Amino acid sequence: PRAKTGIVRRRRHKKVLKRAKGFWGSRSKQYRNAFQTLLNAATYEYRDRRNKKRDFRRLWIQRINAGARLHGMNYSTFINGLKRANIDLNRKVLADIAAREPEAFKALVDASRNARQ
Amino acid sequence: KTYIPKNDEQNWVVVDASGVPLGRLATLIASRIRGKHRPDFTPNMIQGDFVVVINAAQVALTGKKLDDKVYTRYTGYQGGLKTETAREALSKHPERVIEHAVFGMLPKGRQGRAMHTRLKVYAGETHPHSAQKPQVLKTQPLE
Amino acid sequence: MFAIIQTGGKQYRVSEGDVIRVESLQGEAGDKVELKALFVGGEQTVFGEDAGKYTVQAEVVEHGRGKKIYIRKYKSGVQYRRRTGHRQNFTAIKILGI
Amino acid sequence: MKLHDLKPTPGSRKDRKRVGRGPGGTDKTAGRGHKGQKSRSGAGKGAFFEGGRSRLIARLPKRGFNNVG
Amino acid sequence: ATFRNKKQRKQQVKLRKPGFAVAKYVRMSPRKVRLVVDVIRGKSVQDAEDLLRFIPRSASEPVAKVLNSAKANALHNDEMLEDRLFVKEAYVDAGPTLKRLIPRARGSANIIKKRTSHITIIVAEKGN
Amino acid sequence: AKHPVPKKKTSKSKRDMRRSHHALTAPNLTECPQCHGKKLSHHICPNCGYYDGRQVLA
RNA sequence: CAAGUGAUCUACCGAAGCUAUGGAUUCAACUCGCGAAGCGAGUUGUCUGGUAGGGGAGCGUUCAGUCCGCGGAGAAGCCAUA
RNA sequence: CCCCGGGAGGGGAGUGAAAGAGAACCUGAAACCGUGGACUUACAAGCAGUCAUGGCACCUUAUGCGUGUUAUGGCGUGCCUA
Ligand SMILES: [Mg+2]
Ligand SMILES: [Mg+2]
Ligand SMILES: [Mg+2]
Ligand SMILES: [Mg+2]
Ligand SMILES: [Mg+2]
Ligand SMILES: [Mg+2]
Ligand SMILES: [Mg+2]
Ligand SMILES: [Mg+2]
Ligand SMILES: [Mg+2]
Ligand SMILES: [Mg+2]
Ligand SMILES: [Mg+2]
Ligand SMILES: [Mg+2]
Ligand SMILES: [Mg+2]
Ligand SMILES: [Mg+2]
Ligand SMILES: [Mg+2]
Ligand SMILES: [Mg+2]
Ligand SMILES: [Mg+2]
Ligand SMILES: [Mg+2]
Ligand SMILES: [Mg+2]
Ligand SMILES: [Mg+2]
Ligand SMILES: [Mg+2]
Ligand SMILES: [Mg+2]
Ligand SMILES: [Mg+2]
Ligand SMILES: [Mg+2]
Ligand SMILES: [Mg+2]
Ligand SMILES: [Mg+2]
Ligand SMILES: [Mg+2]
Ligand SMILES: [Mg+2]
């Protein structure tokens, strides 16, 4: 019995083409170039899934020592002094948000400045 | 879930430059313009400040630098361009000196160029932006 | 400002559901009681383990599965593609505590 | 009985090696390594110094009995 | 006017084309015909017939003729108001293609493509 | 073959990029003052043949 | 006016290394349904970069037998889809 | 039979379950060409994606949920063979 490709190739192909969506030019309408684009897209995906966590670490750090310098401290100094004070163990995420609620971050700064004199 | 501010704020500031080493006043201006000060919130947004450098003519250039510093620039022409100016030829246009330092210490991208818009340099002790009454700054932080 | 920080969270957002890594606490049965690293439950707040002398209870709401994801791995020139489905479970917890 | 419920003894039947057919297993080269390994195969008891080349001591006939311990 | 299944909605709703007319298989390339048609577009049908009288392309001809069947069909088959028509839509699409092989230097051949056109245009009572 | 030849096929985008300049200009048609039809300027009204008076047949 | 440099003291940043929380796979042991191993498992320890290459479990297409059925109030194929 | 056209072609009318079968006559994918609409682009350096966030738009596996688009930031050296 013969068993020609029939329905199968078109269906895998459409699966890739639908992954394409807003890909510029042939990247979204010709199969081979869509497939190949998605190879490099795999690369980018997995590695960024890692990276985003370095990213938000960086951003919270920026904001935290921005607030720390608002009061005459700095990230090195404020983070250490908080660490010295019965280990606060707030995440760097959480210290930022208290850089959206200044009256508290202030007291955290005075507390870090304490366990440090 | 991290906070992402909207930025109605415009923030004018008046940095004096007399006697400040150029790179140092530069770094302070570049930081204040890029954000940094205050919780930076989004890198995505140009939420930094407008700086109004004055007395840019009086910038100190500690060391031999006043006549060693050779700013260099290249015209498209393959006749030898690369013209060079002494920085003692800040007499030709002192704001360029300041404006060059700062743009070096700014990002080079689309948003960075857009940031250069926020620098206003005047070699004299005067400026026309009275309508924004800038806050004075000092020049250096303390431990 | 409530914070699911890490795995066990400690921040003042009175009265709402939020998602967490899981529990084993069947149904609403959990009623999980919580540490507290700092929350402003009345303007005032503290950290110095005085937050530990406070605690926030939370009703469990329901177990769930996160959105589907496809882990995708590739390396050039060596064949080697890898497609693999994944989604991580969670527990949704309502908050009520002091 | 259930002709649909006939079941071959597990084991016994095992699937063939389908060779070409994907980087899911045994890809480009078909288990063959990039070589002077190419279709029209040729040899089985041969290298070129041959060494099954030791000498012979030869009788032609034989005849023997059915054995009854 | 809801129906229950396809076949009855098909046997009692015949589905018409107001203002529409097509010139299938015109022997011109769609690119040029499109230049003319693009000048005609959202335009009063008088000016359509005018601009077409005075525009120097070889394709002004068939595009004019089709511009008329629209008008005709709008006013005969569809009962519209000619003093009110306009070109609500007009477009050119590709027909089949007469491929003719042609000789060339030093023995080779070559395929010339006489393109054809489907010129359709569609008129309407420009209200507002 | 053909000394100079093009390098990559040109994009669907850049090809229509060049073409932003081929749109035709419509005639500045005007209403003839006697025949009440339309005519090209500084030419003779085709419909009636008139040019202030009347020069051409029909 | 070190952002240069020799010695020295710390605090912080910093990776897919270590860690927390969750979960899956490989092998090993301990528990069970059985009547036979071993299947389905559950618990702990543990493992889990990979080219040629070896091994294991599988997905999909046509055709055939058997079962179960669907179809003009609509089959297959086609198209969109969170 | 009627309409525009020298015709070709078409629009009606009529037959038929159906003309969403009309003789370029089953389905009718894709490349490729067009029309309309949403969101968008004329200081800009680009393996064309990817992550992140804001803006705008729509709500039939679908109102925390997305889906489409987009601005800016970070990151990023096509595929295969050899
Ligand atoms: Mg890390
Ligand atoms: Mg590469
Ligand atoms: Mg290699
Ligand atoms: Mg195998
Ligand atoms: Mg080979
Ligand atoms: Mg051979
Ligand atoms: Mg009927
Ligand atoms: Mg010849
Ligand atoms: Mg690890
Ligand atoms: Mg673990
Ligand atoms: Mg285990
Ligand atoms: Mg490993
Ligand atoms: Mg492995
Ligand atoms: Mg049906
Ligand atoms: Mg069949
Ligand atoms: Mg007739
Ligand atoms: Mg006819
Ligand atoms: Mg039809
Ligand atoms: Mg049909
Ligand atoms: Mg055809
Ligand atoms: Mg025909
Ligand atoms: Mg015909
Ligand atoms: Mg049939
Ligand atoms: Mg057909
Ligand atoms: Mg338009
Ligand atoms: Mg368009
Ligand atoms: Mg612009
Ligand atoms: Mg981008």
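Scoring rules and cut-offs
In this document, residue positions are counted from 1 along each chain in sequence order, independent of how the entry numbers them, and residues without coordinates are left out. Written order determines the labels here, with chains lettered from A and ligands numbered from 1. Here the displayed chains are drawn from a larger assembly, and the quantities reported describe the displayed chains exclusively. Heavy atoms throughout the structure, all of them, feed into the side-chain values; hydrogens and water do not. Residues with missing side-chain atoms are left out of burial classes, side-chain pairs and their counts. Labels follow the DSSP assignment, with helices taken as runs of H or I lasting at least four residues and strands as runs of E lasting at least two, numbered in each case from the N terminus. DSSP calls a pair of strands paired once it identifies at least 2 bridges connecting them. Only heavy atoms enter the contact rule, under which two residues are in contact if any of them lie within 4.5 Å. Axis lines are fitted to C-alpha atoms, over the contacting stretch for helices. Their N-to-C directions set the angle, which ranges from 0 to 180 degrees. Each residue's exposure class comes from its accessible area (1.4 Å probe, protein chains only) as a fraction of the maximum for that residue type: buried when under 20%, exposed when over 50%, partly exposed otherwise. Definition used in this section: a nonpolar core is a set of buried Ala, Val, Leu, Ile, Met, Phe, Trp, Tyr and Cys residues joined via side-chain atoms within 4.5 Å. When a carboxyl oxygen of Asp or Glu is within 4 Å of a side-chain nitrogen of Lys or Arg, the pair counts as a salt bridge. Each patch is built from residues that are more than 30% exposed by relative accessible area and take part in no salt bridge. Like charges join if they lie within 9 Å; nonpolar side chains (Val, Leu, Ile, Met, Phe, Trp, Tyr) join within 5 Å. Using a 1.4 Å probe, accessible areas were evaluated by the Shrake-Rupley method; residue-level cover was limited to the displayed protein chains. Stacked, tilted and edge-to-face pairs are distinguished by plane angle, under 30 degrees for stacked and over 60 for edge-to-face with tilted covering the rest, among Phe, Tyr and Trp rings (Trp via its six-membered ring) whose centres lie within 6.5 Å. Note on geometry: a ring has a charge over it if NZ (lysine) or CZ (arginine) is within 6 Å of the ring centre and within 35 degrees of the ring normal. Accessible-area loss on putting two parts together, using a 1.4 Å probe and summing over both, is the definition of buried area adopted here. Ten residue types, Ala, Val, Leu, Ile, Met, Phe, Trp, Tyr, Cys and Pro, are classed as nonpolar, four, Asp, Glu, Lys and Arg, as charged, and the remainder, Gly among them, as polar.

- Judging from the entry metadata, X-ray crystallography is the method by which this structure was determined, and 3.3000 Å is the reported resolution.

## Describing the overall build of chain A
Okay, so step 1: The helix and strand inventory of chain A stands at 5 helices and 0 strands.
Okay, so step 2: Listing every helix and strand of chain A by position from the N terminus yields α-α-α-α-α.
Okay, so step 3: Taken over the C-alpha atoms alone, chain A extends approximately 85 × 30 × 20 Å along its principal axes.

## Remarks on the sheet that holds strand β5 (residues 119-122) of chain B
Residues and elements named next belong to chain B.
Okay, so step 1: With parallel pairing, 4 strands are arranged side by side in an open sheet as β5-β2-β1-β6. Because the sheet does not close on itself, it has two edges, and the strands there are β5 and β6 (135-136).
Okay, so step 2: Across 2 bridges, the pairing between strand β1 (residues 12-14) and strand β2 (residues 50-54) is parallel. Bridging across to β2, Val13 finds its partner in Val51.
Okay, so step 3: Together, β2 and β5 form the strand contacts of helix α1 (residues 22-34), whose direction differs from that of β2 by roughly 160°.
Okay, so step 4: Across the sheet, helix α3 (residues 94-104) touches β2 and β5, and the angle it forms with β5 is around 155°.

## Focus: helix α3 (residues 45-53) of chain E
Okay, so step 1: If you check which residues of α3 of chain E are buried, you get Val45, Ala48, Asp50, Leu51 and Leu52 of chain E.
Okay, so step 2: Among the structural elements, α2 (30-40), α4 (60-75) and β2 (85-101) of chain E together with β2 (38-39) of chain F are those in contact with the buried residues of α3 of chain E.

## Here's the deal with the nonpolar core
Okay, so step 1: If you look at the biggest cluster of nonpolar residues, it comprises 32 residues, and the most contacted ones within it are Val33, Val63, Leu67, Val87, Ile119 and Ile121 of chain E.
Okay, so step 2: Formed by 23 residues, the second largest nonpolar core is a distinct cluster that contains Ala17, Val51, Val102 and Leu119 of chain B.

## Side note on the pattern of salt bridges
Okay, so step 1: Throughout the structure, instances matching the rule amount to 16 salt bridges over all chains.
Okay, so step 2: Here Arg47 of chain A and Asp48 of chain A are joined by a salt bridge, their closest N and O atoms 2.6 Å apart.
Okay, so step 3: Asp49 of chain B is the salt-bridge partner of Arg32 of chain B, the closest N and O atoms lying 3.6 Å from each other. Of this pair, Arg32 of chain B sits in helix α1 while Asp49 of chain B sits in the loop between α1 and β2; the two residues are 17 residues apart in sequence, bridging distant segments of the chain.

## Remarks on a nonpolar patch on the surface
Residues and elements named next belong to chain E.
Okay, so step 1: A cluster of nonpolar side chains, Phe3, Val13 and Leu15, forms an exposed patch at the surface whose accessible area comes to about 280 Å².
Okay, so step 2: Within the secondary structure, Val13 is located in the loop between α1 (6-11) and β1 (20-26).
Okay, so step 3: Relative accessible area serves as the criterion here: at 43%, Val13 is assigned to the partly exposed category.

## Things to note about the packing of aromatic side chains
Okay, so step 1: Taken as a whole and judged by the stated rule, the model has 6 aromatic pairs over all chains.
Okay, so step 2: Note on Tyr3 of chain B and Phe41 of chain B: the rings are 6.2 Å apart at their centroids and 75° apart in plane angle, and the pair reads as edge-to-face. One end of the pair, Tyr3 of chain B, is in the segment before β1; the other, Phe41 of chain B, is in the loop between α1 and β2, with 38 residues separating them in the sequence.
Okay, so step 3: According to the relative accessible area criterion, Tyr3 of chain B is partly exposed, its value standing at 33%.
Okay, so step 4: Overall, the relative accessible area of 10% leaves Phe41 of chain B in the buried class.
Okay, so step 5: Over the ring of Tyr46 of chain A we find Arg50 of chain A, and its NZ or CZ is 3.3 Å from the ring centre.
Okay, so step 6: The ring of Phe65 of chain D is capped by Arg63 of chain D, whose NZ or CZ atom sits 4.9 Å from the centre of that ring.

## With respect to the interface of chain E and chain F
Okay, so step 1: Every contact between the two is made by 10 residues of chain E and, on the other side, 12 residues of chain F.
Okay, so step 2: Summed over both partners, the interface of chain E with chain F buries about 920 Å², with 71% contributed by carbon and sulfur atoms.
Okay, so step 3: Taken together, chain E and chain F are joined by 0 salt bridges.
Okay, so step 4: When residues of the side of chain E that touches chain F are traced back to their parent elements, those giving at least two are α2 and α3 of chain E.
Okay, so step 5: Among the elements that make up the side of chain E that touches chain F, the one with the highest residue count is α2 of chain E (4 residues).
Okay, so step 6: Considered class by class, the residues forming the side of chain E that touches chain F number 6 nonpolar, no polar and 4 charged.

## Observations concerning the sheet that holds strand β3 (residues 111-125) of chain E
Residue and element names in this part refer to chain E.
Okay, so step 1: If you trace the 3 strands from one edge of the open sheet to the other, you get β1-β3-β2, paired in antiparallel fashion. Among the strands making up the open sheet, the edge pair consists of β1 and β2. Across the sheet, the mean angle separating the axes of adjacent strands is 10° when strand polarity is ignored.
Okay, so step 2: Two strands pair when backbone bridges link them, and β2 and β3 are joined in this way by 14 bridges, in the antiparallel orientation. Within β3, the position partnered with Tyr91 by the bridge is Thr120.
Okay, so step 3: Along the sheet, α2 makes contact with β2 and β3, crossing β2 at roughly 175°.

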